[PDB]
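For reference, input16.cif is printed below; it contains mmCIF, C-alpha atoms.
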data_my_file
#
loop_
_atom_site.group_PDB
_atom_site.id
_atom_site.type_symbol
_atom_site.label_atom_id
_atom_site.label_comp_id
_atom_site.auth_asym_id
_atom_site.auth_seq_id
_atom_site.Cartn_x
_atom_site.Cartn_y
_atom_site.Cartn_z
ATOM 1 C CA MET A 1 -4.912 -43.513 -12.466
ATOM 2 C CA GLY A 2 -3.296 -40.166 -11.720
ATOM 3 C CA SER A 3 -2.743 -38.027 -14.806
ATOM 4 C CA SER A 4 -1.703 -34.538 -13.705
ATOM 5 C CA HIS A 5 0.606 -31.667 -14.650
ATOM 6 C CA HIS A 6 -0.924 -28.344 -13.606
ATOM 7 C CA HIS A 7 -1.805 -27.018 -10.152
ATOM 8 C CA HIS A 8 -5.247 -25.687 -9.228
ATOM 9 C CA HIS A 9 -4.665 -24.465 -5.674
ATOM 10 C CA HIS A 10 -1.769 -25.660 -3.517
ATOM 11 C CA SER A 11 -0.460 -23.008 -1.125
ATOM 12 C CA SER A 12 1.516 -23.496 2.088
ATOM 13 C CA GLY A 13 3.023 -21.516 4.948
ATOM 14 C CA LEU A 14 6.655 -22.444 5.549
ATOM 15 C CA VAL A 15 7.153 -19.483 7.883
ATOM 16 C CA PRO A 16 10.407 -20.863 9.420
ATOM 17 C CA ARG A 17 13.463 -19.012 8.113
ATOM 18 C CA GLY A 18 16.723 -20.474 6.847
ATOM 19 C CA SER A 19 17.343 -21.344 3.203
ATOM 20 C CA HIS A 20 20.127 -22.811 1.066
ATOM 21 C CA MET A 21 21.765 -21.790 -2.211
ATOM 22 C CA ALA A 22 19.761 -23.378 -5.025
ATOM 23 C CA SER A 23 17.966 -22.116 -8.133
ATOM 24 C CA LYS A 24 14.697 -23.758 -9.174
ATOM 25 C CA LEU A 25 13.131 -21.117 -11.420
ATOM 26 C CA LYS A 26 15.165 -20.559 -14.587
ATOM 27 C CA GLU A 27 15.980 -17.002 -15.657
ATOM 28 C CA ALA A 28 15.121 -14.011 -13.470
ATOM 29 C CA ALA A 29 12.098 -11.706 -13.577
ATOM 30 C CA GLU A 30 12.088 -10.189 -10.088
ATOM 31 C CA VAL A 31 10.655 -6.681 -9.782
ATOM 32 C CA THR A 32 12.229 -3.842 -7.815
ATOM 33 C CA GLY A 33 8.912 -2.878 -6.330
ATOM 34 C CA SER A 34 8.797 0.599 -4.865
ATOM 35 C CA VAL A 35 6.213 2.837 -3.298
ATOM 36 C CA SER A 36 5.775 6.476 -4.198
ATOM 37 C CA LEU A 37 5.363 8.694 -1.136
ATOM 38 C CA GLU A 38 4.015 12.147 -1.996
ATOM 39 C CA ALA A 39 2.366 14.481 0.514
ATOM 40 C CA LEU A 40 2.563 17.887 2.194
ATOM 41 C CA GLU A 41 3.674 16.170 5.403
ATOM 42 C CA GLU A 42 1.822 18.736 7.509
ATOM 43 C CA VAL A 43 -1.729 18.898 8.869
ATOM 44 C CA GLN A 44 -3.567 21.044 11.430
ATOM 45 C CA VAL A 45 -5.889 19.541 14.084
ATOM 46 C CA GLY A 46 -9.430 19.593 12.854
ATOM 47 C CA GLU A 47 -8.312 19.015 9.271
ATOM 48 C CA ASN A 48 -7.602 16.088 6.945
ATOM 49 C CA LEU A 49 -4.476 15.063 5.035
ATOM 50 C CA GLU A 50 -4.053 13.328 1.679
ATOM 51 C CA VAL A 51 -0.914 11.234 1.218
ATOM 52 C CA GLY A 52 -1.134 9.422 -2.104
ATOM 53 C CA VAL A 53 1.244 6.489 -1.781
ATOM 54 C CA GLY A 54 1.563 5.199 -5.333
ATOM 55 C CA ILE A 55 4.384 3.488 -7.213
ATOM 56 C CA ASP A 56 7.996 4.673 -7.207
ATOM 57 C CA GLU A 57 9.286 1.797 -9.321
ATOM 58 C CA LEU A 58 7.898 -1.496 -10.597
ATOM 59 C CA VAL A 59 9.848 -3.379 -13.259
ATOM 60 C CA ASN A 60 8.691 -6.884 -14.278
ATOM 61 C CA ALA A 61 5.057 -6.821 -13.145
ATOM 62 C CA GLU A 62 1.690 -5.483 -14.310
ATOM 63 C CA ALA A 63 0.143 -3.948 -11.198
ATOM 64 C CA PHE A 64 -3.615 -3.906 -11.766
ATOM 65 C CA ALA A 65 -4.632 -3.563 -8.125
ATOM 66 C CA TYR A 66 -2.308 -1.961 -5.581
ATOM 67 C CA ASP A 67 -3.727 -2.355 -2.075
ATOM 68 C CA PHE A 68 -1.402 -0.903 0.556
ATOM 69 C CA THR A 69 -1.582 -0.755 4.352
ATOM 70 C CA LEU A 70 -0.515 2.468 6.070
ATOM 71 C CA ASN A 71 0.450 2.615 9.747
ATOM 72 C CA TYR A 72 -0.635 5.709 11.670
ATOM 73 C CA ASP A 73 -1.496 6.574 15.276
ATOM 74 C CA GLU A 74 -5.056 6.322 16.595
ATOM 75 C CA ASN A 75 -4.163 8.127 19.820
ATOM 76 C CA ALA A 76 -3.274 11.212 17.781
ATOM 77 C CA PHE A 77 -4.692 10.626 14.302
ATOM 78 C CA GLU A 78 -7.962 9.025 13.197
ATOM 79 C CA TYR A 79 -8.570 6.985 10.040
ATOM 80 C CA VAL A 80 -11.397 8.253 7.830
ATOM 81 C CA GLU A 81 -11.481 7.107 4.204
ATOM 82 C CA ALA A 82 -9.036 6.458 1.367
ATOM 83 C CA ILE A 83 -9.064 8.344 -1.818
ATOM 84 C CA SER A 84 -7.841 8.151 -5.374
ATOM 85 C CA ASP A 85 -7.455 10.228 -8.540
ATOM 86 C CA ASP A 86 -9.932 11.033 -11.326
ATOM 87 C CA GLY A 87 -9.637 7.552 -12.804
ATOM 88 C CA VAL A 88 -8.536 5.003 -10.215
ATOM 89 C CA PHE A 89 -10.831 3.746 -7.453
ATOM 90 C CA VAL A 90 -9.765 3.575 -3.805
ATOM 91 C CA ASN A 91 -11.432 2.244 -0.656
ATOM 92 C CA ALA A 92 -9.905 1.832 2.800
ATOM 93 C CA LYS A 93 -11.100 -0.441 5.595
ATOM 94 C CA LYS A 94 -10.202 0.168 9.231
ATOM 95 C CA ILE A 95 -8.775 -3.087 10.544
ATOM 96 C CA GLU A 96 -6.920 -1.741 13.582
ATOM 97 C CA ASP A 97 -6.055 1.441 15.479
ATOM 98 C CA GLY A 98 -3.529 3.560 13.609
ATOM 99 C CA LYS A 99 -3.479 1.018 10.794
ATOM 100 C CA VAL A 100 -5.935 0.203 8.052
ATOM 101 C CA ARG A 101 -6.089 -1.460 4.628
ATOM 102 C CA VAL A 102 -6.773 0.222 1.285
ATOM 103 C CA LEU A 103 -8.234 -1.228 -1.913
ATOM 104 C CA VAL A 104 -6.929 0.397 -5.091
ATOM 105 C CA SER A 105 -7.933 -0.361 -8.677
ATOM 106 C CA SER A 106 -7.710 1.442 -12.013
ATOM 107 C CA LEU A 107 -11.255 1.882 -13.312
ATOM 108 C CA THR A 108 -9.927 3.783 -16.321
ATOM 109 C CA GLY A 109 -9.184 0.833 -18.581
ATOM 110 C CA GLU A 110 -5.387 0.948 -18.597
ATOM 111 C CA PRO A 111 -2.888 -0.544 -16.090
ATOM 112 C CA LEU A 112 -1.565 1.429 -13.117
ATOM 113 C CA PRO A 113 0.044 4.620 -14.542
ATOM 114 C CA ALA A 114 2.454 4.553 -11.603
ATOM 115 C CA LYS A 115 4.805 7.417 -10.783
ATOM 116 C CA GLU A 116 1.679 9.318 -9.718
ATOM 117 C CA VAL A 117 -1.106 9.288 -7.129
ATOM 118 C CA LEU A 118 -2.308 5.686 -6.966
ATOM 119 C CA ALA A 119 -4.017 5.937 -3.577
ATOM 120 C CA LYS A 120 -4.112 8.363 -0.654
ATOM 121 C CA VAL A 121 -5.143 7.592 2.926
ATOM 122 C CA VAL A 122 -6.589 10.509 4.892
ATOM 123 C CA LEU A 123 -6.003 10.388 8.650
ATOM 124 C CA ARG A 124 -8.288 12.779 10.535
ATOM 125 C CA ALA A 125 -6.175 15.162 12.618
ATOM 126 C CA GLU A 126 -8.598 15.247 15.545
ATOM 127 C CA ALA A 127 -5.589 15.449 17.795
ATOM 128 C CA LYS A 128 -2.182 16.852 17.085
ATOM 129 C CA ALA A 129 0.774 14.529 16.553
ATOM 130 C CA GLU A 130 3.823 16.478 15.388
ATOM 131 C CA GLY A 131 6.197 13.934 13.898
ATOM 132 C CA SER A 132 3.621 11.140 13.872
ATOM 133 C CA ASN A 133 5.850 8.950 11.713
ATOM 134 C CA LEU A 134 3.716 6.905 9.329
ATOM 135 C CA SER A 135 4.706 4.097 6.953
ATOM 136 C CA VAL A 136 3.262 1.944 4.182
ATOM 137 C CA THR A 137 4.678 -1.584 4.107
ATOM 138 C CA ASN A 138 3.416 -4.916 2.714
ATOM 139 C CA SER A 139 2.618 -2.863 -0.391
ATOM 140 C CA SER A 140 1.606 -5.489 -2.951
ATOM 141 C CA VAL A 141 0.644 -5.280 -6.626
ATOM 142 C CA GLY A 142 -1.723 -7.396 -8.699
ATOM 143 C CA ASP A 143 0.275 -8.486 -11.745
ATOM 144 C CA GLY A 144 -1.535 -8.966 -15.043
ATOM 145 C CA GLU A 145 -0.966 -12.715 -14.850
ATOM 146 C CA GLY A 146 -2.329 -13.166 -11.342
ATOM 147 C CA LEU A 147 0.683 -13.265 -9.033
ATOM 148 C CA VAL A 148 1.464 -10.441 -6.607
ATOM 149 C CA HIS A 149 4.985 -9.000 -6.563
ATOM 150 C CA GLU A 150 5.398 -7.687 -3.013
ATOM 151 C CA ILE A 151 6.898 -4.260 -3.668
ATOM 152 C CA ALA A 152 9.222 -2.263 -1.433
ATOM 153 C CA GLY A 153 7.960 0.605 0.727
ATOM 154 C CA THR A 154 8.582 4.059 2.169
ATOM 155 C CA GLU A 155 8.106 5.997 5.405
ATOM 156 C CA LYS A 156 6.493 9.405 5.958
ATOM 157 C CA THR A 157 5.632 11.890 8.684
ATOM 158 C CA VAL A 158 3.064 14.643 9.228
ATOM 159 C CA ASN A 159 3.057 17.584 11.638
ATOM 160 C CA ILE A 160 -0.303 18.421 13.116
ATOM 161 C CA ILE A 161 -0.433 22.085 13.922
ATOM 162 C CA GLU A 162 -2.836 23.370 16.559
ATOM 163 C CA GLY A 163 -5.629 25.600 15.296
ATOM 164 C CA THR A 164 -6.402 28.263 17.890
ATOM 165 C CA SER A 165 -4.496 28.934 21.105
#
Please re-express this file's structure in structure tokens.
Amino acid sequence: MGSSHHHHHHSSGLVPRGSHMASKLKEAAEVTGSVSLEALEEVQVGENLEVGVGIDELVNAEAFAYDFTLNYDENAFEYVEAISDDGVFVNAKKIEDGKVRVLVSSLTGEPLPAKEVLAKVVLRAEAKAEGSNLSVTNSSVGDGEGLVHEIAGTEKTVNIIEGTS
């Protein structure tokens, strides 16, 4: 007839903004979600930088895979390859100029340690760009259950210093 209760796969868009005041999900388990920006913030043309954007705060979610998307400048900088620590695995994939995706995952056995280097994206300084403001938004996290708690974000900048003269 039509015996159901669970939901296999039923996702929708609903882009349009505008919402009312109504609570459907009892209780509250929303995470703060925050990115950890740690780097020297200074490179020199012909060199590479390593800005490990990890977690600054994540309460109410078990981030197993944190894939972020940094936004740099192709005219000045040049994406190369993402890195990780001596336990977590990282892999970036150039999707656009001055902007590429990164795939992070803890291949250590334990959840994301957070508050440390979760993933660093190296942008080849093949051309100076003093003050080339960069940022990592849409930073998501793979909870232990399966849902992804879109975490906050943070901005950064790096000064490319000319080599010779």
**Request:** Give as a list in words the residues that the PyMOL selection byres ((chain A and resi 148) around 10) matches when applied to the coordinates above.
**Result:**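 Answer for the PyMOL selection byres ((chain A and resi 148) around 10): residues 61, 62, 63, 64, 65, 66, 139, 140, 141, 142, 143, 144, 145, 146, 147, 149, 150 and 151 of chain A.
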**Prompt:** For residue A:116, which of A:88, A:49, A:161, A:76 is the closest residue, counting all atoms listed in the file?
**Reply:**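 Checking each of A:88, A:49, A:161, A:76 against residue A:116, counting all atoms listed in the file, the winner is A:88.
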**Shortest interatomic distance to residue A:89 - which of A:53, A:58, A:28, A:103, counting all atoms listed in the file** =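 Among the listed residues, A:103 lies closest to residue A:89.
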**Item:** Two-atom distance - atom CA of residue A:160, atom CA of residue A:130 (Å)
**Value:**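 Between atom CA of residue A:160 and atom CA of residue A:130 the gap is 5.1 Å.
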**Asked** How many Å separate atom CA of residue A:134 from atom CA of residue A:159?
**Response** 10.9 Å
**Request:** Mind checking which residues fall within 9 Å of stretch 113-115 of chain A, counting only C-alpha atoms, ignoring those fewer than 3 positions away in the same chain, and posting them as a list in words?
**Result:** residues 35, 36, 54, 55, 56, 57, 58, 63, 106, 110 and 118 of chain A
**Prompt:** Leaving out residue A:78 and any residue of its chain fewer than 2 positions from it, which residues lie within 12 Å of it when counting all atoms listed in the file, given as a VMD selection string?
**Reply:** chain A and resid 45 to 49 71 to 76 80 to 81 94 96 to 100 121 to 129 132
**Request:** Find the distance between atom CA of residue A:32 and atom CA of residue A:59 and write it in Å to one decimal.
**Result:**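 Atom-to-atom, atom CA of residue A:32 to atom CA of residue A:59, that is 6.0 Å.
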**Request:** Tell me which of A:37, A:136, A:90, A:15 sits closest to residue A:102, counting all atoms listed in the file.
**Result:**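 So, comparing all the options, the nearest one is A:90.
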**Item:** Residue nearest residue A:105 - candidates A:153, A:33, A:131, A:87, atoms counted: all atoms listed in the file
**Value:** A:87
**Fill in**
Shortest contact to residue A:42, candidates A:108, A:23, A:133, A:165, atoms counted only C-alpha atoms, goes to A:133
What residues come out when you apply the PyMOL selection byres ((chain A and resi 52) around 6) to this file, written as a short mmCIF file (atom, residue, chain, number, x, y, z; two decimals) with C-alpha atoms, keeping the file's coordinate frame?
data_model
loop_
_atom_site.label_atom_id
_atom_site.label_comp_id
_atom_site.auth_asym_id
_atom_site.auth_seq_id
_atom_site.Cartn_x
_atom_site.Cartn_y
_atom_site.Cartn_z
CA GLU A 38 4.01 12.15 -2.00
CA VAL A 51 -0.91 11.23 1.22
CA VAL A 53 1.24 6.49 -1.78
CA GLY A 54 1.56 5.20 -5.33
CA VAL A 117 -1.11 9.29 -7.13
CA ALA A 119 -4.02 5.94 -3.58
CA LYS A 120 -4.11 8.36 -0.65
#
Could you put an axis-aligned box around every listed atom of stretch 33-42 of chain A, padded by 3 Å on each side, and send me its centre and edge lengths in Å to one decimal, as lines of an AutoDock Vina configuration file?
center_x = 5.4
center_y = 7.9
center_z = 0.6
size_x = 13.1
size_y = 27.6
size_z = 19.8
**Request:** Kindly indicate which residue among A:70, A:44, A:109, A:7 lies nearest to residue A:154, using all atoms listed in the file for the distances.
**Result:**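 Selected residue with least distance to residue A:154: A:70.
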With N, CA, C and O atoms as the target, complete stretch 123-145 of chain A and hand it back as a compact mmCIF listing (two decimals), keeping the file's coordinate frame.
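New file out-v5.txt:
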# COMPACT_ATOMS: atom_id res chain seq x y z
N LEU A 123 -5.90 10.63 7.22
CA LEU A 123 -6.00 10.39 8.65
C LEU A 123 -6.47 11.66 9.36
O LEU A 123 -5.74 12.65 9.43
N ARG A 124 -7.70 11.63 9.86
CA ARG A 124 -8.29 12.78 10.54
C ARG A 124 -7.43 13.28 11.70
O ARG A 124 -7.23 12.58 12.69
N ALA A 125 -6.97 14.52 11.58
CA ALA A 125 -6.18 15.16 12.62
C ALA A 125 -7.10 15.72 13.69
O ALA A 125 -7.27 16.93 13.81
N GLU A 126 -7.70 14.84 14.48
CA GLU A 126 -8.60 15.25 15.54
C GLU A 126 -7.80 15.50 16.81
O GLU A 126 -8.33 15.94 17.83
N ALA A 127 -6.51 15.24 16.71
CA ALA A 127 -5.59 15.45 17.80
C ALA A 127 -4.18 15.51 17.26
O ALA A 127 -3.72 14.59 16.57
N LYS A 128 -3.53 16.60 17.55
CA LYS A 128 -2.18 16.85 17.08
C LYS A 128 -1.27 15.64 17.28
O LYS A 128 -1.53 14.78 18.12
N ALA A 129 -0.20 15.61 16.50
CA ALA A 129 0.77 14.53 16.55
C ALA A 129 2.00 14.90 15.72
O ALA A 129 2.34 14.22 14.76
N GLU A 130 2.65 16.00 16.10
CA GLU A 130 3.82 16.48 15.39
C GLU A 130 4.90 15.40 15.32
O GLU A 130 5.43 14.97 16.34
N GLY A 131 5.20 14.96 14.10
CA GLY A 131 6.20 13.93 13.90
C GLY A 131 5.61 12.54 14.00
O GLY A 131 6.34 11.57 14.25
N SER A 132 4.30 12.43 13.80
CA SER A 132 3.62 11.14 13.87
C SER A 132 4.05 10.25 12.71
O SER A 132 3.28 10.01 11.78
N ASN A 133 5.29 9.79 12.76
CA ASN A 133 5.85 8.95 11.71
C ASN A 133 4.89 7.86 11.25
O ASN A 133 4.45 7.02 12.03
N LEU A 134 4.59 7.88 9.95
CA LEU A 134 3.72 6.90 9.33
C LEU A 134 4.51 6.10 8.31
O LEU A 134 5.58 6.53 7.87
N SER A 135 4.01 4.93 7.92
CA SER A 135 4.71 4.10 6.95
C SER A 135 3.74 3.16 6.23
O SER A 135 2.72 2.76 6.78
N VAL A 136 4.09 2.83 4.99
CA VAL A 136 3.26 1.94 4.18
C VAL A 136 4.06 0.74 3.71
O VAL A 136 4.75 0.80 2.69
N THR A 137 3.96 -0.36 4.45
CA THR A 137 4.68 -1.58 4.11
C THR A 137 3.74 -2.59 3.44
O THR A 137 2.64 -2.24 3.03
N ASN A 138 4.20 -3.84 3.33
CA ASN A 138 3.42 -4.92 2.71
C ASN A 138 2.70 -4.45 1.45
O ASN A 138 1.70 -5.05 1.03
N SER A 139 3.21 -3.39 0.83
CA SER A 139 2.62 -2.86 -0.39
C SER A 139 2.74 -3.87 -1.53
O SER A 139 3.83 -4.10 -2.05
N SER A 140 1.62 -4.49 -1.89
CA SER A 140 1.61 -5.49 -2.95
C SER A 140 1.04 -4.92 -4.25
O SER A 140 0.51 -3.81 -4.27
N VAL A 141 1.15 -5.69 -5.32
CA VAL A 141 0.64 -5.28 -6.63
C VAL A 141 0.09 -6.48 -7.39
O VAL A 141 0.73 -7.52 -7.48
N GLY A 142 -1.11 -6.32 -7.95
CA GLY A 142 -1.72 -7.40 -8.70
C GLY A 142 -1.25 -7.47 -10.14
O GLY A 142 -1.77 -6.76 -11.00
N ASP A 143 -0.27 -8.32 -10.40
CA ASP A 143 0.28 -8.49 -11.74
C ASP A 143 -0.83 -8.84 -12.73
O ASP A 143 -1.91 -9.28 -12.34
N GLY A 144 -0.55 -8.66 -14.02
CA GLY A 144 -1.54 -8.97 -15.04
C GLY A 144 -1.81 -10.45 -15.15
O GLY A 144 -2.91 -10.86 -15.54
N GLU A 145 -0.82 -11.26 -14.79
CA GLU A 145 -0.97 -12.72 -14.85
C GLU A 145 -1.84 -13.22 -13.71
O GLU A 145 -2.76 -14.02 -13.92
